[PDB]
S.K.: 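Let me begin by handing over the structure; questions about it come next.
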Amino acid sequence: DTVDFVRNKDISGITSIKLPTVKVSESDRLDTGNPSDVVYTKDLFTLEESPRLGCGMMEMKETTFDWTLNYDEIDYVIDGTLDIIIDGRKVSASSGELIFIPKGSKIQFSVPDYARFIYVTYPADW
Amino acid sequence: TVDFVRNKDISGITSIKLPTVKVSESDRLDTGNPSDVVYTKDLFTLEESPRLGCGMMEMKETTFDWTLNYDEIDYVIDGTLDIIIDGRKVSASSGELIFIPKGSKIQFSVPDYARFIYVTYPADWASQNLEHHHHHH
Ligand SMILES: [Mg+2]
């Protein structure tokens with residue numbers, strides 16, 4: 001396969017992914033503008049594979065950063081704790097919980113310790 | 001009011017404690033076969049989430065036919081979900097993911113049991129039909 005994780009990509013495009021085999025690396029580092037931030041985003045589907053829904057793996061360690069979303073997002077927290085700071089308020093999810101974030105939200109992704117989560121977005125392509 | 005634990009912020013940003021999401025008979029999908037056991041519980045109204053649909057699905061000892069004229073991502077929490085497409089099988093168990101592109105004619109096949117989150121586009125997946133509604137009038 002041409003990816004570095006384990007999947008079964010069927011002829012039809014239907015795909016299973018063994019998510020524990022998805023490992024982030026430095027090519028997935030997100031530039032927040034602050035080089036000390038440690039944030040990884042690893043898209044799991046090309047646009048050709050999934051033209052409408054985006055889906056990837058995000059990991060953060062001891063980092064809080066500002067970001068504005070151009071898309072709707074569902075985050076399913078696999079491990080750790082993710083805090084979302086919005087307008088001075090906090091919304092949090094730990095392992096096995098989810099967060100929905102509407103398009104246009106001006107947030108901080110805030111991870112005092114560690115978090116690993118799937119993100120599903122719409123649209124995949126701006 | 002909903003029957004699960006969530007924090008719905010003023011901004012629309014919402015956390016959900018998914019283990020508190022319990023399916024009930026109000027969520028039972030009538031497949032046509034009375035012995036089938038399928039539950040679908042949407043977790044967001046259209047006003048809450050106008051583009052992404054998201055809910056909890058459970059199945060037990062059931063396989064049924066479905067055509068998805070919408071895209072779907074499933075995260076399998078417990079059990080095993082099989083997707084049968086053109087005589088082939090794609091499977092995900094606890095901790096694994098499935099993507100189903102729009103236009104897929106499948107069987108959802110759960111000979112054992114499965115509990116999974118689904119995320120769809122468009123949001124109102126159950127109205128992606130000629131009737132524009134969840135049930136035929
Ligand atoms: Mg064929």
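The figures here come from the full heavy-atom set of this structure, side chains too, leaving out hydrogens, waters and symmetry mates. The sequence lines fix the lettering, A, B, ..., with proteins before strands; numbering per chain opens at 1.
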S.K.: Do the side-chain N and O atoms of A:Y76 and B:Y75 include a donor-acceptor pair separated by under 3.5 angstrom?
M.R.: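 There is no such pair (donor and acceptor under 3.5 Å, judged by atom type) between the side chains of A:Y76 and B:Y75.
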S.K.: Any chance you could measure B:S11, atom OG, to A:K106, atom NZ, to the nearest 0.5 Å?
M.R.: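 Here the interatomic distance stands at 13.0 Å.
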S.K.: Is it the side chain or the backbone of A:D72 that comes within 4.5 Å of chain B heavy atoms, both, or neither?
M.R.: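 The answer is both parts of A:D72.
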S.K.: Assigning hydrophobic clusters by single linkage (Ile, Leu, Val, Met, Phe, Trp, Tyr; side-chain heavy-atom cutoff under 4.5 Å), is B:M56 placed with B:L29?
M.R.: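 No: no chain of side-chain contacts under 4.5 Å links B:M56 to B:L29.
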S.K.: Nearest 0.5 Å, please: how far is CG in B:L97 from NZ in A:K18?
M.R.: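 It is 13.5 Å, given to the nearest 0.5 Å.
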S.K.: Need one label for A:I84: side chain, backbone, both or neither, based on atoms under 4.5 Å from any heavy atom in chain B.
M.R.: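 For A:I84, side-chain heavy atoms alone lie under 4.5 Å from chain B.
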S.K.: State, with a plain yes or no, whether a side-chain heavy atom of A:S50 is found less than 4.5 Å away from one of B:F99.
M.R.: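 Yes, close enough: below the 4.5 Å cut-off.
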S.K.: Can you say whether A:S92 sits under 4.5 Å from chain B via the side chain, the backbone, both, or neither, judging by heavy atoms?
M.R.: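 Contact with chain B involves the backbone of A:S92 alone.
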S.K.: Looking only at non-hydrogen atoms, find the nearest pair between B:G95 and A:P20 and report the distance.
M.R.: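 It is O-CD, 3.8 Å.
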S.K.: Count the heavy atoms belonging to other residues, nucleotides or ligands that lie under 6.0 Å from NZ of A:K61, then report whether that count exceeds 12.
M.R.: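 Open: at most 12 neighbouring heavy atoms sit under 6.0 Å from NZ of A:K61.
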S.K.: Is B:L68 reachable from B:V110 through a run of hydrophobic residues whose side-chain heavy atoms are each under 4.5 Å from the next?
M.R.: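 Yes, B:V110 and B:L68 fall within the same hydrophobic cluster.
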S.K.: Measure the OG-NZ distance between B:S15 and A:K90 for me, rounded to the nearest 0.5 Å.
M.R.: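 The distance works out to 12.0 Å.
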S.K.: Is the CD atom of A:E48 crowded by more than 12 outside heavy atoms at less than 6.0 Å?
M.R.: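 No, the 6.0 Å shell around CD holds no more than 12 heavy atoms from other groups.
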S.K.: Flag the one option from A:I101, A:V120, A:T121, A:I86 with the top tally of heavy-atom pairs under 4.5 Å to chain B.
M.R.: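 When all of A:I101, A:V120, A:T121, A:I86 are compared, A:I86 has the most.
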S.K.: Under 4.5 Å from any heavy atom of chain B, what part of A:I107 do you find: side chain, backbone, both or neither?
M.R.: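 Answer is side chain: those atoms of A:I107 sit under 4.5 Å from chain B.
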S.K.: Among A:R52, A:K103, A:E49, which residue forms the greatest number of heavy-atom pairs with chain B at distances under 4.5 Å?
M.R.: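 With the most close heavy-atom pairs to chain B, the winner is A:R52.
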S.K.: Answer with side chain, backbone, both or neither: which region of A:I118 has an atom nearer than 4.5 Å to a non-hydrogen atom of chain B?
M.R.: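 It is the side chain, since no backbone atom gets that close.
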S.K.: If every non-hydrogen atom of B:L52 is compared with every non-hydrogen atom of A:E73, which pair is closest and at what distance?
M.R.: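 The answer is CD1-N, 3.8 Å.
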S.K.: Which distance, rounded to the nearest 0.5 Å, do you find between the CD1 of A:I74 and the CD1 of B:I16?
M.R.: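 Here the rounded value is 7.0 Å.
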S.K.: To the nearest 0.5 angstrom, please state how far the CD1 atom of A:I99 sits from the CG atom of B:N7.
M.R.: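 Between atom CD1 of A:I99 and atom CG of B:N7 there are 9.5 Å.
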S.K.: Roughly how far, to the nearest 0.5 Å, is OG of A:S105 from CG of B:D9?
M.R.: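 So the CG of B:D9 and the OG of A:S105 are separated by 9.0 Å.
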S.K.: Evaluate the side-chain proximity of B:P101 to A:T15: yes if any heavy-atom separation is below 4.5 Å, no if none is.
M.R.: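 Side-chain contact under 4.5 Å: no.
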S.K.: With a 4.5 angstrom heavy-atom cut-off, is it the side chain or the backbone of A:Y71 that approaches chain B, or both, or neither?
M.R.: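 No part of it gets close to chain B.
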